[PDB]
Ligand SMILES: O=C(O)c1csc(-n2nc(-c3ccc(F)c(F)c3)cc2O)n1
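Okay, so here's just one chain, in structure tokens, the form deposited without the named molecule.
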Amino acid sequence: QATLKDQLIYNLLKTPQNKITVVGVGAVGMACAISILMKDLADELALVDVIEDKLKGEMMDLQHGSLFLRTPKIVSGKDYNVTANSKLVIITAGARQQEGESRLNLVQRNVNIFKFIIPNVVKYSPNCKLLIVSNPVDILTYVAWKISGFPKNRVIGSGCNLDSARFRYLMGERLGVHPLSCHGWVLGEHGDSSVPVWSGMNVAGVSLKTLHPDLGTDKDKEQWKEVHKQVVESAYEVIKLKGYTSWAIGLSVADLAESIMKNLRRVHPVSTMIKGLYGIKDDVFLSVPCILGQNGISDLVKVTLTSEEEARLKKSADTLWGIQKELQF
């Protein structure tokens, strides 16, 4: 007498190597999850949240699509033991930006949540890289770094990877070029104080501000400054229209995860400690271009900013530090 399985299969053999955990199964977390699944970045995906039904429903929905994926193990749970041995833990949990609301208003509430999340993550994946997505992402990357005790190369904020992607899309819409071939960087706060690096914007290595010196100024008859205003307002407008943002940030996060998981050493504008650059003296985290790989941030790229750009980046650091210094944890 033998069961079906035992008549069909002779068992020979009785840890995951490319495991990714997503913390938070709100819209941002689930868009990160689906993007990472469709890019075949992980051999195991773990989801963690505190709403048990929603967590199970999202896990089941993904699992029902397994035939169409190449990620063979999808698990979930409220207990962080399900996250054990992750290479990469993506934290998207916490309060999310609402209509008309500054991401900076979320800071203390999400700091309080990180006091619980981060130690549990570190307990079960002491060797992982942390990719912070929750907002305000720059301050929460600082907080995650402080709580975790990790070296700062392994604490990465998704930062302005998305703002720069939005900038390159809008740039491409004006020039009739795919964003892949429109190069431009948004640095600083992932938020209202972000900094467009007009002096570096280029197609095929041609500096656009060299052709158009008014680029980025008020006197600009083409009003390129509106491009950056649209970058700043983008999240507010999408939130007002559909209630939240999800797809673009999910793709941005999966882009960062690809560079990390595959050790690509591509350059991304992500949140990291900038103390000692551009005359900044405090432990401020904000986005500068960094080399990203399997050890996290291995190097910073020292971008040459104009005086006007450097002043705006300092203003961004001052805004963040004004909030950072008043946190207790």
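Whichever C-alpha set is largest while still superposing within 1.5 Å between the two forms counts as the rigid core. Residues that one form lacks are left out of the comparison. Sequential numbering from 1, following the sequence displayed.
The following text describes the form solved in complex with the named molecule, which does not appear among the structures shown.
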Open vs blocked, site of the named molecule as found in the entry with it bound, superimposed, 2.4 Å to backbone or C-beta: blocked
Consider residue 103 of the chain shown here, and say whether it contacts the named molecule in the entry with it bound, taking contact as heavy atoms within 4.5 Å. yes
Heavy atom of residue 162 within 4.5 Å of the named molecule in the entry with it bound: yes
4.5 Å heavy atom contact, residue 251 and the named molecule in the entry with it bound: no
Quick one: does residue 225 come within 4.5 Å of the named molecule in the entry with it bound, counting heavy atoms only? no
Ok, 148, 259, 245, 125: which has a heavy atom sitting within 4.5 Å of the named molecule in the entry with it bound? 245
Each of 97, 136 and 239 having a non-hydrogen atom within 4.5 Å of the named molecule in the entry with it bound: is that the case here? yes
Going by the named molecule in the entry with it bound, which residues of 170-194 come within 4.5 Å of it through any heavy atom? 190, 191
Pick out the one residue among 246, 125, 259, 97 whose C-alpha shifts by 2 Å or more between this form and the one not shown, once the rigid core is superposed. 97
With both forms fit on the core, is the shift of the CA atom of residue 106 between this form and the one not shown 2 Å or larger? yes
Superposed on the core, the stretches of at least three consecutive shared residues with every Cα displaced by 2 Å or more between this form and the one not shown, in sequence order, are 95-106
